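# Secondary and tertiary structure notes
Residues per chain, in single letters:
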Amino acid sequence: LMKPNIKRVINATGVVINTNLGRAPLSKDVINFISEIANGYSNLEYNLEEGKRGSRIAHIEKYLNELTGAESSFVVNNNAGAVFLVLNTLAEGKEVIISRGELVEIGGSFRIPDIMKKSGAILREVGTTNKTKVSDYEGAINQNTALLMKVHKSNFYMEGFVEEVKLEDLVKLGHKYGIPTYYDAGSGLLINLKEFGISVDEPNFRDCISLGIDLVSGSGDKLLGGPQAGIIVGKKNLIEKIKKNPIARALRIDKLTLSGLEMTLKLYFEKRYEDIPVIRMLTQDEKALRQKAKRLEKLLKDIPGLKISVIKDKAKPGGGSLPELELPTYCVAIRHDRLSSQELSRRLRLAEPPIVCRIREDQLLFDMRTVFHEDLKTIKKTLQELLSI
Amino acid sequence: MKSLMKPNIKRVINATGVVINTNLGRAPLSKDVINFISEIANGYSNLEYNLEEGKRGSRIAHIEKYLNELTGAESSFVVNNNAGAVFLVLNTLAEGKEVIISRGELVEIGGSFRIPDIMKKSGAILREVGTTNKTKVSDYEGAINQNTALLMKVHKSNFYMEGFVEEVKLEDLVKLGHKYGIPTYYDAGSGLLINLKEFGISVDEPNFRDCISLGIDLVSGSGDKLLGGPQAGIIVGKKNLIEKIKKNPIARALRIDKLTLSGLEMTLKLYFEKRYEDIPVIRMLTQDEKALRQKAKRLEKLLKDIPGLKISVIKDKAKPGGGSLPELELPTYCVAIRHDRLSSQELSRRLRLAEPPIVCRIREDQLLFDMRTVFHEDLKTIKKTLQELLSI
Ligand SMILES: [K+]
Ligand SMILES: [Pt+2]
Ligand SMILES: [Pt+2]
């Protein structure tokens, strides 16, 4: 093979946070900065003022602190690690209370009880799958309770007869017994969504911090729309213990992500949301989508055996973050006389660049939500090369 | 006390359009059944007797024949309620032993019923496997050991999950159980008797016959849910196991009453006779869309003459099963009413205080009557009830 296996793939699934397709894409502004810091040497671990070594995370935490309002903050390889670290540091040998309904598998390799076991912490599971009350948490408190933990169900959701302990209650319960409260938000949403005209209950750092939760973690590649990372924020007392754990060194973030992260956080401090693609995509205007949808169909009419439509559909745009959410978008629907849709999808994934699309009832769909403007021309040229042969 | 001069349990007209309603008494009974119940209650009977042999007999006997035939299990048994069945199954086969179950199937149904809580009081030992959202065969098999007494699956009747989710195919469980020689218990909960797709309602909901022929060793369910009968815990399965269960002294504490046994038998006989329309819970879920409309405009016809009354007829998607089919979404015709003098919040409040009461849905200060759960004899009574409240 002359070719590298890692390829740019055209996402037509209309799924913005896609665990399979590389999660959050990055803004050209961020990547340029990353590219700059990677092209030569730098002040990675250095103080230019004093002429000696300095802490790498230092640059970042300041932003996090003022953005989230938490006393201190830290960042490690990924949220998986965040969880592992937080547990291993605070709960080794001791008991961590958690709802039977928040023991989650995210991805293929991550399971709360599995990482938790490996951490050295002792799982104490309370309540039921579908309903969990405050009593259940309190009931399970004892001498060896180190931690009150909540995990946000980022990849799935429950409906029907359902209950859940209000975080406030959890903070309350924590304060009573003097037990720290750890919240794995996971989506790493930085700020309240309702500020962008998207009304959702999705917990963010800032808000769940000001709720009095002692520790909150999340990924950087999800709702934060940054590079992969485990983000931790909370009580300085705690973060301090965390940083000091030798394991934290094995979880230490790389130069690239660090740079990538800091640029991302600058954008947020400067309130330039449109400049982080996950946010832009999820707040894209319903008109902007039809405008894109029709723009593509204009390029598709001239090719043979091709049936082009454009529909309006309720999709669930956030894959690994906002599972409940349903938003309307415009899909460009296409069909060929000679080829079944399943056969076409298969060829599209094998194309260069590959094209991954949603199928509905033997009707091949491209959801514009997650398609770029530079992608359109490339789908034309890629469709004709397969079908005009 | 003053409120003692009259009974508190009253008939109540349900306009919530919610067929299986935990609050409003669950499944109503057909008059055929009620008559039969009334007949066996009115005097003495063969309850525990063998008229052939002139000596005492099992009460369950009457019923077991029907269940065994309908579901295709070797033997069957009936206790007070499904909670009890679950309690009894576990206390019989798993006391002091381990029961493997998915972390996603540890349910709270009702306020007072929690699998892990009752399983504990059961004497059984809970070995929970997998995760909330995803559970694989691996999880089940990996937790098997010397003290493993049971592989258990509980059907999520009152809630459901969406997103990244995994579940073990029943077939694989059975295959896993046959491998290690461990019995498999399915708490269906819904006690649905026959496949729903036969009535034009396409859903995955498990039924007795189908889950038995798949090689599950024990299946239980409620009587007053999708079975459309009176309250009961129904167990069907392998004779060797039913036997062990029947002999548990606790099963006498859970022994069913003359009334439900009667009601149950007639209910089942209706199933044998394939007269589904004569069991309200199935009739109400299988009602034709036209029929609902037909019924909705026949109501509107009666209410036009009432002063201050604005009346429309809408078409809406509702969720008819409360405690059995939470996913199921079905279209129905509601009859919507509005008054100029009374707020709908105040009008609903008065309707519940009526004789007979009337419970309906409220949506943005508009009052909804869902035709799904309204009987034909109830229309007239809604007219007379409204005019009495509004005119007076
Ligand atoms: K890294
Ligand atoms: Pt009283
Ligand atoms: Pt009195």
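Header annotation of the entry names X-ray crystallography as the structure determination method and lists the resolution as 3.1920 Å.

## Topic: the overall build of chain B
When helices and strands are tallied, chain B shows 13 helices and 16 strands. Here the C-alpha atoms of chain B give a radius of gyration of 23 Å, agreeing with the 21 Å that 2.2 N^0.38 yields for 392 residues. Dimensions of chain B along its principal axes, counting C-alpha atoms only, are 75 × 60 × 45 Å. Per-residue burial over chain B gives 53% buried out of 392 residues. Taking as baseline every contact in chain B between residues at least 6 positions apart, the subset at least 24 positions apart corresponds to 74%.

## Remarks on the packing of aromatic side chains
Tallied over the entire structure, the rule returns 5 aromatic pairs over all chains. Taking the centre distance of 5.2 Å and the plane angle of 80 degrees together, the rings of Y66 of chain B and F272 of chain B count as edge-to-face. Taken together, the positions of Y66 of chain B in helix α2 (residues 61-71) and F272 of chain B in helix α9 (residues 258-272) put the pair 206 residues apart, joining distant regions of the chain. For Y66 of chain B, a relative accessible area of 18% corresponds to the buried category. Given the relative accessible area of 33%, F272 of chain B is considered partly exposed. On the numbers, 5.2 Å between centres and 85 degrees between planes, the contact of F199 of chain B with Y276 of chain B is edge-to-face. Of this pair, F199 of chain B sits in the loop between β9 (184-189) and α7 (208-212) while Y276 of chain B sits in the loop between α9 and α10 (280-285), placing them 77 residues apart in sequence. Grouping aromatic residues by their ring pairs yields a cluster made of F196, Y268 and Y273 of chain A. Of note, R293 of chain B hangs over the ring of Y333 of chain B, and the distance from its end group to the ring centre comes to 5.9 Å.

## What to know about the packing of α2 of chain B against α9 of chain B
Residues and elements named next belong to chain B. In contact at an axis separation of 10 Å, α2 and α9 are set at 35 degrees when each is read in the N-to-C sense. When you trace α2 past α9, the crossing you get is left-handed. Residue-level inspection shows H62, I63, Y66, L67, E69 and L70 of α2 in contact with α9, the latter providing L261, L264, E265, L268, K269, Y271 and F272. Residue classes in the contact of α2 with α9 are distributed as 9 nonpolar, 1 polar and 3 charged.

## Remarks on helix α8 (residues 236-244) of chain A
Side chains of residues three or four places apart in an α-helix project in the same direction, reflecting 3.6 residues per turn. All names here are of chain A. Those residues of α8 not exposed but buried are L238, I239 and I242. All buried residues of α8 project into a common sector of 95 degrees when viewed along the axis, lining one side. For α8, the exposed residues set more than 90 degrees away from the buried face come down to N237 and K244. Packing partners of the buried residues in α8 comprise β2 (72-76), α3 (79-90), β10 (215-219), β11 (230-234) and α9 (247-250).

## Some points on helix α8 (residues 239-246) of chain B
Residues and elements named next belong to chain B. All of the buried residues along α8 are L241, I242 and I245. Axial view of α8: buried residues confined to an arc of 100 degrees, hence all on one face. Turned more than 90 degrees away from the buried face of α8 sit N240 and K244, all of them exposed. Tucked into the core, α8 has its buried residues touching β2 (75-79), α3 (82-93), β10 (218-222) and β11 (233-237).

## Side note on the domain arrangement of chain A
All names here are of chain A. With domains assigned, chain A is organised as domain 1 (1-20 + 284-389) and domain 2 (21-283). In this structure, domain 1 and domain 2 have C-alpha centres spaced 33 Å apart. Listed as interface residues are 25 residues of domain 1 and, on the opposing side, 23 residues of domain 2. With both sides pooled, the region where domain 1 packs onto domain 2 buries about 1,900 Å², and carbon together with sulfur makes up 66% of that total. It is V16, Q284 and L322 in domain 1 that bury the most area against domain 2; as a group they hold 26% of the surface buried on that side. Seen at the junction of domain 1 and domain 2, the total is 0 salt bridges. Linking domain 1 with domain 2 are 7 residue pairs in polar contact, by the criterion used here. Class assignment for the residues of the side of domain 1 that touches domain 2 results in 10 nonpolar, 11 polar and 4 charged.

## Details of unusual backbone geometry
For the bond from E352 of chain A to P353 of chain A, the omega torsion is 5 degrees, close enough to zero to count as cis. Tracing the backbone shows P353 of chain A in the loop between α13 (341-349) and β15 (355-360). Here the bond from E355 of chain B into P356 of chain B is cis, since omega is 5 degrees, no more than 30 degrees from zero. Position of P356 of chain B relative to the elements: it lies in the loop between α12 (344-352) and β14 (358-359).

## Here's the deal with the pairing of strand β16 (residues 363-367) of chain A
Residue and element names in this part refer to chain A. Most of β16 is tucked away, with 4 of its 5 residues classed as buried. Note that β15 and β16 share 3 bridges and pair antiparallel. Residue pairing for β16: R360 is matched across the bridge by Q363. From the end of β15 to the start of β16, which pair antiparallel, there are 2 residues, and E361 there has a positive phi angle of about 55 degrees.

Basis of the calculations
- Residues numbered from 1 in each chain as written, not as in the entry; some residues may be left out.
- Chains lettered and ligands numbered in written order.
- Part of a larger assembly, values for the part shown.
- Heavy atoms only, no water.
- Helix = DSSP H or I, 4+ residues; strand = E, 2+ residues; numbered from the N terminus.
- Rg over C-alpha atoms; globule rule 2.2 N^0.38 Å.
- Buried < 20%, exposed > 50% of the residue type's maximum accessible area, 1.4 Å probe, protein only.
- Contact = heavy atoms within 4.5 Å.
- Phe/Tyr/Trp six-rings, centres within 6.5 Å; stacked < 30°, edge-to-face > 60°.
- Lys NZ or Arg CZ within 6 Å of the ring centre and 35° of its normal.
- Axes fitted to C-alpha atoms, helices over the stretch in contact; angles between N-to-C directions.
- Left-handed = near helix turned anticlockwise from the far one by under 90°.
- Nonpolar A, V, L, I, M, F, W, Y, C, P; charged D, E, K, R; others polar.
- Arc of directions from axis to C-beta.
- Domains from an automatic or database assignment.
- Buried area = accessible area lost by both parts, 1.4 Å probe.
- Salt bridge = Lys/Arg side-chain N within 4 Å of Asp/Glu carboxyl O.
- Polar contact = N/O pair within 3.5 Å; in protein donor to acceptor, adjacent residues only side chain to side chain.
- Pairing = 2+ DSSP bridges.

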